[PDB]
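> just need the structure, nothing else, for what follows:
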Amino acid sequence: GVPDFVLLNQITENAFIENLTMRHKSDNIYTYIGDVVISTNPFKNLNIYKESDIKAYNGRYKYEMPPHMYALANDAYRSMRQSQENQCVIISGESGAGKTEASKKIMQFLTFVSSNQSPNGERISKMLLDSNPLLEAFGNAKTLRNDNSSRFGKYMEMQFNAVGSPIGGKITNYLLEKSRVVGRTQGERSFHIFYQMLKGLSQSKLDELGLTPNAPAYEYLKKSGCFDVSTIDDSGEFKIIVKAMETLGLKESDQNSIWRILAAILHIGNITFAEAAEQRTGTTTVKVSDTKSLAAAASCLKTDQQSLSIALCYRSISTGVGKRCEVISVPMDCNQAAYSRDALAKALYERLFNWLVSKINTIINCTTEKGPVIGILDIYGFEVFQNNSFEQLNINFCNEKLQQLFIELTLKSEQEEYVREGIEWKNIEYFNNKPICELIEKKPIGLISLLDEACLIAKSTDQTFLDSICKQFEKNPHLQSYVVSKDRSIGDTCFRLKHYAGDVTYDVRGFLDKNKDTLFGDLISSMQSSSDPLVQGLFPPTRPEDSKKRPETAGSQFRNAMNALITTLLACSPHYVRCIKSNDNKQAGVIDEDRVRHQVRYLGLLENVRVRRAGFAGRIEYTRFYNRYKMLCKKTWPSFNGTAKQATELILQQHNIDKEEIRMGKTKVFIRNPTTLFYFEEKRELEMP
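Residues are numbered from 1 along each chain as shown. Structure as follows:
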């Protein structure tokens, strides 16, 4: 009757949604759109991902079997299989909604079609599927609203062999929300791996780590004000974590060796120094009152507790001629004091995570053979509270790139493929490249440009920064406030900012210490000069392929994490995958009207349907129109001319049909108004059964 999705009985907006539900309600998971994949999430183990259903999708086309493979990959991902080139895929659709389920697809289509034989091939096809519970611990972390709300910018690369099967891979992460460990909103929690360790070990071992049975006693844990939770079982998870580590390749002997590194950080973490009455009037510096805590920091280091604070809390600088001589230093203010405190306790974790995941691959990675590389993307989800804050801005900023990404690819790169395939193409109006949100934050006189401008004015607080935005803009589109835009919804200490299709009002709390975070080499040198596989171990063999220039005031440092992301996107052939979360109850058959419609809107997918093609009603592909309506008219046989325009004219002229009603472009027929469709279909029925 009707295969694929671009042959709906009614190509209306209403039918689009109504049919989408009926599809999901008729054993139809994925959905197509001019070669665009959309999927959902069951949120449980569904008996559909193994051998059985894979044999179905093997040696067939898109227009034959249900949505799953989409021929584009078969005519692109495979196109570079013989032409010997690299690949890369991007995925999105909330967090914890399988990017575990969307990636699951990529593999089970790759294999089988790939190869077999090797007994070590079907085994590794099991460990990667057992990585779902594994990845559900590291990246994932419970938020105030969403439970499985991961929070990280990961770009995993799958390496392969000379026959066409995986061998290993590496992991890359962007600037981390490194404040997650010590600071957060009340009710929320940090990564699970930590809390699952404190209540899984024995007091005997906790003493070796230097931990005491008293949560309020600490600070990082005190700031939260919550530990024991009825929902999640603590003692039951620990044993599962051990299995995960042992199953991969982390024996207890290695675990203990790693815990010392983590336990060391805990000692250097639990130190929020008190007021130091060194000054005279009202201001002050920093000095230790709770010594046993700072002593613990130097305990694992086994160095002069005092000397340690002489180089950190006090900034020493000389340089000139040779290169630097550390001893004379500056007691900095509280703001810069707590600044270095954070920059230190937070940077060590970024280096750890990178070295943690990388050194694990050292064992997993294959040495037997080499091969090409393919990338995969995975990021946090879309969350919106009735309130907002600084962290919301940076997360939304990441989305601004993801939306721009498609625009640069599915709207631009693919558009260039139109003229590369040798098709009569004519530039059709496409919604602007929204450079109003790009040029406003790159070249001089810009958002992040003025953001770094206000941040470097040390004394200037977040409140003053707000005023620095209004004056510079409040005229360039996509930016408002309570002063200009008369809207009571905006507070006196908040501001308005537009994104895609809606409005978001942010708070000012944080920003300062939340952003900069930069760490100089005057605090690292004294520490990496030690002799201990743990102390210097925190700082791997100098510069893990990420240095060039070390000392740079934040701002730029963040640009690197975001620039390194773009530079590696404008030189590869990417693939796109979207995902839509059903509901907030893990139900595989329930629709939350208001929530669903919103998800389809802020992503701008139906606009990508109309605009991409052009903007009208009924549309059909030439490539698919040709090999379908062959047995209707004459002179449309192998004796054809070649052009898709003159041929069609030869077709419609013999049956009296106006030519202006149809037009030729890339691969889409254009007949305006709906009635014509019902007119065409019927006319093909009252004269030929």
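> residue contacts, residue 331?
278, 285-286, 313-314 (CB atoms under 8 Å, 6 or more residues apart in numbering). Bear in mind the C-beta positions are built from the backbone N, C-alpha and C, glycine included.
> could you turn the buried ones of these into a ChimeraX selection?
Buried subset of the contacts of residue 331, written as a ChimeraX selection, criterion 16 or more other CB atoms under 10 Å:
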select :285,286,313,314
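> dump the contacts of residue 331 into JSON lines; add secondary structure and distance to residue 376 as well.
Below are the contacts of residue 331 laid out as JSON lines (DSSP: H, G, I helix; E, B strand; the rest coil; distance: CB to CB, whole Å):
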{"residue": "278", "secondary structure": "coil", "distance to residue 376": "53"}
{"residue": "285", "secondary structure": "strand", "distance to residue 376": "49"}
{"residue": "286", "secondary structure": "strand", "distance to residue 376": "45"}
{"residue": "313", "secondary structure": "coil", "distance to residue 376": "43"}
{"residue": "314", "secondary structure": "strand", "distance to residue 376": "46"}
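> contact partners of the helix or strand where residue 395 lies?
Per DSSP states H and E, residue 395 falls inside helix 390-408. Residues outside helix 390-408 that contact it (CB under 8 Å, 6+ apart): 90, 92, 153, 177, 379-380, 382-385, 433-434, 437-438, 497, 499-500, 504, 506-511, 514-515, 562, 565-566, 569-570, 576, 604, 608.
> need the contacts of residue 331 in CSV (columns: distance to residue 634).
Formatted as CSV, those follow (distance: CB to CB, whole Å):
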residue, distance to residue 634
278, 98
285, 94
286, 91
313, 90
314, 92
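> between the contacts of residue 331, which sits nearest residue 51?
residue 313 (62.0 Å; CB to CB).
> output the helix holding residue 395 as CSV, nothing but the C-alphas.
Provided in CSV are the C-alpha atoms of helix 390-408 (Å, rounded to 0.1, in the frame of the first residue of the first chain):
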residue,chain,number,x,y,z
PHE,A,390,24.4,30.2,35.4
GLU,A,391,24.7,26.5,34.6
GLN,A,392,21.6,26.8,32.4
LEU,A,393,23.3,29.3,30.2
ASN,A,394,26.4,27.1,29.4
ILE,A,395,24.2,24.0,28.8
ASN,A,396,22.0,26.0,26.4
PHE,A,397,25.1,27.3,24.8
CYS,A,398,26.1,23.8,23.9
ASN,A,399,22.7,23.3,22.2
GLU,A,400,23.3,26.5,20.2
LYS,A,401,26.2,24.7,18.6
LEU,A,402,24.2,21.4,18.1
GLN,A,403,21.5,23.4,16.3
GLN,A,404,24.2,25.3,14.4
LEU,A,405,25.8,21.9,13.7
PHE,A,406,22.9,20.5,11.7
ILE,A,407,22.5,23.9,10.0
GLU,A,408,26.2,23.6,9.0
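> so how far is the following helix or strand past that helix off the chain centroid?
Counting by DSSP H and E, the element after helix 390-408 in chain order, helix or strand, is helix 414-420. Distance of helix 414-420 from its chain centroid, counting by CA atoms, centre = their mean, to the nearest Å, is 27 Å.
> buried residues in helix 414-420, which are they?
Result for helix 414-420 [16+ other CB under 10 Å]: buried residues 414-415, 418.
> circling back: tell me the gap between the helix holding residue 395 and the middle of its chain.
Centre to centre, stretch against its chain (CA atoms, centre = their mean), the figure for helix 390-408 is 9 Å.
> tell me what the longest helix seen in the chain is packed against?
Secondary structure of the chain per DSSP state H: the longest helix is helix 334-364. If you count contacts as 3 or more CB pairs under 8 Å, 6 or more residues apart in numbering; DSSP states H and E, helix 334-364 packs onto strand 166-170, helix 234-248, helix 252-269, strand 285-287, helix 512-515.
> output those as a markdown table; include the columns distance to residue 664.
Listed next are the helices and strands packed on helix 334-364 as a markdown table, based on distance: least, CB to CB, whole Å:
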| stretch | distance to residue 664 |
| --- | --- |
| strand 166-170 | 43 |
| helix 234-248 | 56 |
| helix 252-269 | 64 |
| strand 285-287 | 74 |
| helix 512-515 | 52 |
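> just tell me which of these ends up closest to residue 361.
Between those, strand 166-170 lies closest to residue 361; by CB to CB that is 6.2 Å.
> give me the neighbour count for residue 653.
Neighbourhood size, residue 653 [other CB atoms under 10 Å]: 11.
> now swap in the one 3 residues further on and tell me
Other residues near residue 656 come to 6 when the count uses other CB under 10 Å.
> what do you get for the one 5 residues further on?
A count of neighbours around residue 661, defined by other CB under 10 Å, yields 12.
> can you give me the strands in the stretch 401-550 of the chain?
495-498, 503-506 (DSSP state E, counting those that start in this stretch).
> pick the most deeply packed of those strands.
Among the strands of the stretch 401-550 of the chain, ranked by average contacts under mean count of other CB atoms under 10 Å, first place goes to strand 495-498 (a mean of 18).
> how about residue 311, what does it touch?
Contacts of residue 311 by CB under 8 Å, 6+ apart are 326, 329, 522-523, 526.
> what about those, which are in helices?
Short answer: these in helices (DSSP H) are residue 526.
> distance of residue 73 relative to residue 614?
25 Å (CB to CB, to the nearest Å).
> which one of the two is surrounded by more residues?
Legend: neighbour count by other CB under 10 Å for residue 73 and residue 614, higher for residue 73 (19 against 15).
> looks to me like that one is in a helix.
Yes. Assessed with DSSP: H, G, I helix; E, B strand; the rest coil, residue 73 lies in a helix.
> hang on, it packs against residue 575?
Yes. Here residue 73 reaches residue 575: they are 6.5 Å apart, a contact under CB atoms under 8 Å.
> rewinding a little: wait, which of the helices and strands packed on helix 334-364 is closest to residue 371?
With CB to CB as the yardstick, what comes closest out of the helices and strands packed on helix 334-364 is strand 166-170 (5.9 Å).
> from the contact counts, what lies against the helix or strand following that closest one?
Per DSSP H and E, the first helix or strand lying C-terminal to strand 166-170 is helix 192-198. Contact here means 3+ CB pairs under 8 Å, 6+ apart; on that basis helix 192-198 packs against helix 132-138, helix 234-248.
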